[PDB]
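Note that the chains take the letters A, B, C, D, E, F, G, H and I in the order they are written out, and that residue 1 is the start of every chain.
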Amino acid sequence: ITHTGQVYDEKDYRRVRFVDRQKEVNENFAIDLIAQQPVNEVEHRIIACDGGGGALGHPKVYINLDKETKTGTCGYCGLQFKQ
Amino acid sequence: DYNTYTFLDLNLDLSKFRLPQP
Amino acid sequence: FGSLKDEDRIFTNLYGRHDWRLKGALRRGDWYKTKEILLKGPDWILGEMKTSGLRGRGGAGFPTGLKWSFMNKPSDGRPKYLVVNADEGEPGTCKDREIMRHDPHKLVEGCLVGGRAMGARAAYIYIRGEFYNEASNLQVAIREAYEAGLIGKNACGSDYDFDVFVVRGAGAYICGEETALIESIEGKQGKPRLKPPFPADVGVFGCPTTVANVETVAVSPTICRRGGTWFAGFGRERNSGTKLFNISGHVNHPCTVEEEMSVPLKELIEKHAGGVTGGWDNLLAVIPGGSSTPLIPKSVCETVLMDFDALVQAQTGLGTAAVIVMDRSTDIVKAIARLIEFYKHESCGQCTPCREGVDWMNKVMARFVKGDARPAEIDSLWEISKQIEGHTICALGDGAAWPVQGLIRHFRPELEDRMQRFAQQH
Amino acid sequence: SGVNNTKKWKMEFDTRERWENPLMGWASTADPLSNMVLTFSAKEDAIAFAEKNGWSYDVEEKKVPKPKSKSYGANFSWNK
Amino acid sequence: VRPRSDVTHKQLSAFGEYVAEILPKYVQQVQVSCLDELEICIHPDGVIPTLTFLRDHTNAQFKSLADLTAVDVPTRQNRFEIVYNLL
Amino acid sequence: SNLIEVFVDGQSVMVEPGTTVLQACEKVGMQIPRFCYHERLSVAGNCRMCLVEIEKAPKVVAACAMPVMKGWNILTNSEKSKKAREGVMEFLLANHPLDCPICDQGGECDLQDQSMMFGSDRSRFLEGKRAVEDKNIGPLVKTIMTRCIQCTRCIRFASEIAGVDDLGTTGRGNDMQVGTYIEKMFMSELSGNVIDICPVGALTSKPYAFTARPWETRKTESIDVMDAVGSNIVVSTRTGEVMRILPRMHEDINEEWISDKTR
Amino acid sequence: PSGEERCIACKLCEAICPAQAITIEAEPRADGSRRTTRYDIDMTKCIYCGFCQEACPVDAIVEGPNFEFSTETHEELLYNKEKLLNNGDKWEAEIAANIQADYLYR
Amino acid sequence: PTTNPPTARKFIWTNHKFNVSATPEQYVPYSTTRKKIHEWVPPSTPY
Amino acid sequence: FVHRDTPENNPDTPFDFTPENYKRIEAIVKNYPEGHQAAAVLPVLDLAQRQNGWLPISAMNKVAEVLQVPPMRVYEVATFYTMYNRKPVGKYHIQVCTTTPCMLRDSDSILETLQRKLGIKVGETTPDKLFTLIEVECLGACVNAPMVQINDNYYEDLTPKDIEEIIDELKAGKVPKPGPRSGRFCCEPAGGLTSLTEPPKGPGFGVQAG
C-alpha cells in the first residue's frame, strides 16, 4: 500500500490501530511521479543539475551523459538527461 | 621514402650484430 | 660574448650539407680517437666532462660530469645502462631533431664514448615515435657503425662491448622525463617515479641507469677530442661551451644555429637567425628556453646573455634554449593559454597538484583570453600557480606554473584591460 | 585511515535486548548501562574502575600495527 | 581570532606566584590559561587555608564564590576535581 | 647500530635506516595527512597531500616516500607544510562532485576530515567540474567513480594484496579514470576490501548502499565464523540488526582484510 | 515540483536533532534512488529548534507555518513519513512562499 | 492569495482538511519499514 | 576511455600477427633484457597498428598474449599514449601542429584550409575515409613552424596553398614529395647560412694528445 509496500499482514494486530480510523497514506507516490518527467535531451557531454532554483534547490552536481545507452540521473532529483 | 616496417625490419637485420643478451 | 667560429662549431653537418651517413662523417673525422678514448678509461672521460663544465644541455642543466659520475660507482652485479632521450618534446625544440637526422653518427660515438665513462653495458635511444623518418636515419647509421665494428663486441678495437638500440616513443611529452623515459622503456605507462630511489640507484630493469639529452651525449666525444679546456673556454664561467639555439616565431629567418652559450639575446636574433619580424621594436616578449621557461619581455631582451646563470638571475631558464618570439601582433593571453592547453592534453595525471591544477589554470586562462573573468581572479592564478610549482612529483607541474607566472609578472596590465574590455560591453 | 580513535582505552558493558516497538517500530532497550562507554587513559586505571564498582572485567591487550618496511625503490626491482 | 591582551596573562601570572609563595604548603600547581584565567591547584587539605587567605588578604580580596563544581575524571585515581571559582 | 636519529620537530626519535618521513612522524605520534599511502600497499606518491618540510631545505618532501636521513627536522606543522596542504586540498576538492549526502562514506571519509582538519574553509574553483562515466565492476562494489581522487590504492591492492591485476589506470590528464578498460567484473575473493581501502566513496558496497550512516552504527568487535582462519571483524549494528561487517586489524590472522563471503 | 520527494536520506537531520526526535532508516528504492523507508519525527520529543530546517542539504525537512496541530491522543503526535509528506503537500504553497522570502537571509 | 496566487505543482492538495483528530480520518502512527528477519517457514509436506 | 564492445570494434574481429610480423616481434623482444619481454609492449602494439590501423580491442589482447603481459597493461599503454588510434583511422591521417610556435606562425590558417579542403571538420574523417583530420600538438619540426604530419611523413614550412597542393597530390597519385616544400633546406637560416658557411673540419684537428 504505502510507498514501500508496507501492508500489515492479514493477522497482524497493529491493524487494530486502523480499526475505526484511517491509515494515513499518500496517493502521490514519488517512484511514479519522477517517471512522468521526460528525459532531458541535452547536447553537452556533461550537464549540471543544480536542483532547480539554485539555492532553493539541491547541491549542484555534474552528470556524465557520455554513455550512449543509458541516461544520466541526478542522485538528487531523479531527473534524467540524455545526450 | 621509407616503408612502415623500415624501423622494425632494419632492426631485425641489426639483430645479428646486436650483442648477446643480459 | 658570442660569435663562435664555424671551425670551432661541433656539428658541421648541421643543416645537412654533408653526408649524414658514415662517409661524410669520416671526412668529418668524428670516429678519430674513439678507441684511444675508451682505452683511457671511464674515469678519464668523466673527468674531461667535469673540466668541460658541460651542464645538462637538456632541460635542467645539471652538471653533466657529476651526474654521469653518479654511476661510476662499482657495479653491484646489475648491468649498468645508458639511456639517451631524444623525445625533443619541449615546444620550440627542433634542436635535437638535427643531430639525430643530420648527424646520426656523432651521437653513435657519443654513446660509446659516454658508455665507457659510465661503464654502461648498452645504450637505448628513445627517439619520439612521431619522428618515424628520423628513426629510419639513425639505425641505418647504427647499422653502418657495427658493420664497421665501431660498436658492438670489440667496439672500435676496444675490448669494451657496447650495444646501441633505438626505442619507439609514442607521442608523449612526459615520456621525455628522466624517470618516465625509463618506464616507457620498461613498457609500463609513461608515469615519472619519485626521486628518492634515484635513477642511478634504481635503473631501468633495476639496473643502474643514466639519462642524457642527445646533445649532451653527442658533444662528449668531440669535447674529449678537443679537450675540456677548449670547450670550457667558450662559455661564461659556470655556464660553458656553445649550445645550439633554435629561434622560432616572429623572427625573419627562424633557424637552429649553434653559438657560444652566454651569447646576448638581442644579438642572437640579430646575428644568426634573423631580425625580429617588424623590427626589434616589435618584440612583445620572448621565451628563451621553450614553453616550460617563463617568457621575458623587452626590458631584458635588450641585454641578456643567454647562459643559464644569466637567465636564472633574470627569473627565466635557459632550458632547451628554444627562443620563441612574440611580436606586438600577438594575444599573449591566448599564446600562453595554448601552452596551458598544451599541458592539460599532456600531463600524466599521476600527481594531484598537476592533474587538477593544470586543468584549473586552463579553465581560468581560457576565461582570461575572453576577458570574462574579473581582475581579482588574476592574482589567484598566481596563488594556484605556486601550489602546483613546489608540490608536483615531476618538473612538468614546475613547467606549467612558470609561463602563468611570467604572464602575471610582466603583462598584468594587459590582462586587466581584457578584464575591463568585456565588463564594458556587458 | 586515521588513528586518533585508537588511542584511549574504553571499557564497554555487555550488550542486551533491543526488541522492536509495536506502535512505531523504533528499537527499544531495557538495559540502562547499554549506551554507557567510559573512557580511561591507561589499562591499569580501567581495571581499577571495574574492581571498585564490582563489575566483572575481561581486558583485551592493545594490538598496534607492527612496523612495516617500505621503500619506493622496491617497486622497480630487477627481480621481485 | 580573538583579541588577547598579555597584560592580564602577566598580571594574573604574577599573582599566581604570589599566592603560591604565601601558601606553599598546599599549592601544587598554579597555571594561567591561554584565556587569561588563573587556576591555583591546592592539596585537598588546603581547602580552608587557601580560600581564607584569598577571602581575607588586602592584596587579594576574593569576596564572593562564583561557583563550586566537581568534574569527574573516571580515569583519575582521585575521581572528582572540586573547582571553586572566586571573584 | 642501524639506528639513525632524526628529529621530528626536535624530538630526536631514532629509526632504522630506511624509514620514510611519514613513518618517523608516526613514532613521535604525529600523523601526516595522507591519501594513496596504505601501510600494507606499496608507496606511490600519487596524491602529494603529505608534503612536509624538512628543515633547512628548499622544497617540501614527500613523507610517505622519502627515506629519512640523519639530522632532518620534519617541521610537519610549519606554515609551509600547511600551505602545502591548504593548496592540495584545493585541488582534490576542485574536480570533486559534492554529493556527500549521497556518498555513503559520509562520516567514513578520509577526504572531508582531512579537509576539515588540514584544509581550507572555502573554494575558489569558479570553473566547471568533470564527470566520469560509472562502471558496473561487479554485484558487490558500486563504483560511482566520479568520486575517485586517482589515488591508485585500488590498482595496488588489486595487484599486490590480491593477484587480480585487472584494475588499471586508463588515459592521461584530468580524465585518467581508474576503471577496467573493457567491462569485465572484478570477480575475486578479497574483492570487497577495495571498498574499505578506497578512502573516497567512489566505489562502495552495493548491498550496504544506503541502509545507514556511520555515526549511528554501534560497533561490536567479534570473530569470523564463515572460514577457519578466524579473521577478526567488527559487526556494525544499528537499532538491533547487523548493517555491515568490516575488518578490524589482527596482525597474525587477518591483517585489515576479510573475505567476500564473511562481509 | 516533479513529484519526487526531496529527502535523499543523508540522515544528518537525524544527526543534528538535539532531542533524538527524527528516526530515519533507508534502502535503495527500486528505481535505484536513495530514499527513506521510514522517517519518524516524534513531535512530543521535538523541541522545535529548527536546526533540521537548517541542516538539510536538499532542504526536504522544513519548519512549516502551522502551529495548530493539538491532538486528542499521544500516538497522533508521533508522525511517520506519510503524515509529514501529507503535511508537506497540504502546506507546500505557503512553505514555498516562506522559504522564498527567507532564503537570501540564509 | 487572490492578488498573487500561489504556485501549483500537480501534487499539492485541492481540498485541505482541518483537525481530523476526533474524527475517524486521524493519523494513527505505524512503522512503514518492512519485515527485517524473515523466518524459515516449516515444510508443509509431511516427511 | 571505455571500450563498449561493438560488432565492428570487439574481439569477434580476430587479430594475429602475419607470420612476418611475428618475426619482427621476436627481434623487438631480443633488444630488451631477457626476462623483460614485457618491455616490448609499445613497440609490438605499434606493429599491430602497422598491420591494422584500427588497433581493435582484439589486437590489444593479442599483444598481451604475445608478450605474456596482463591484458590491462596493454590497455593502459594504448589509452595513455596518443599515437595509438584505438579506432578506425583515415588512410592518410593528416595531423596539424597547433602549439604556440606554429600558431604564432599562423598554423590556424592551415587547419582552416584543411577543414574545407577536406570538407571534413577536425576530429572527423572524410566519407571515403581517405583523410582524417586531427589537431595534434607539437610534432617537433617547430622551426619550420607551419607544419603538419600526414601519416608518417612530416610536411613542413607549408603555406596554406601548399597543403591544398599536397592534398590533391594525395587525392590523385601518391608520395607527394613529403618534406618542407619551401626554399629552405631543413632548418637552415632561410636567407643564408649564418654559420657553417665554410667547409667542415678534418680528422684529428685540434686534438689534445691522445
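In the analysis below, a residue touches a chain if its C-beta (ideal position, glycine included) is under 8 Å from a C-beta of that chain, and two chains touch if they have at least 3 such contacts.
By chain, UniProt protein names: A = NADH dehydrogenase [ubiquinone] iron-sulfur protein 6, mitochondrial; C = NADH dehydrogenase [ubiquinone] flavoprotein 1, mitochondrial; I = NADH dehydrogenase [ubiquinone] flavoprotein 2, mitochondrial.
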So which chain ends up in the middle if you average the CA atoms? F
Could you quickly compare F-G and G-H and let me know which has more C-beta contacts? G-H
Just give me the whole-number Å value for how far the CA centre of chain F lies from that of chain I. 40
Please work out the Cα centroid separation of chain D and chain E, and write it as a whole number of Å. 37
Euclidean distance of C-alpha centroids - chain C vs chain D, Å: 58
Per the C-alpha centroid definition, the whole-Å distance linking chain B and chain H comes out as 79
Which chain G residues touch at least two other chains? 1, 3, 8, 25, 34, 37-38, 40, 57-58, 75, 78, 80-83, 89
Counting only residues that touch at least 2 other chains, which ones in chain E make the list? none
Residues within chain F bordering two or more other chains: 45, 65, 67, 101-102, 128, 130, 133, 169, 171-172, 239
Quick check on the complex: what are the chain B residues that touch chain C? 2, 6-7, 10-11, 13-14, 17-19, 22
List of chain G residues in touch with chain F within their complex: 8-12, 14-15, 25-28, 34, 57-58
Per the contact definition, I'd like the list of chain D residues that touch chain G in the complex. 23-26
Spell out the part of chain I that touches chain C in their complex, as residue ranges. 31-33, 36, 38-43, 46, 67, 69, 73, 76-77, 80-84, 98-101, 103-105, 136-145, 149, 152-154, 185-191, 193-198, 200-208, 210
Contacts from chain D onto chain F in the complex sit at residues 1-4, 15, 18-20, 26-27, 63, 65-72, 74-75
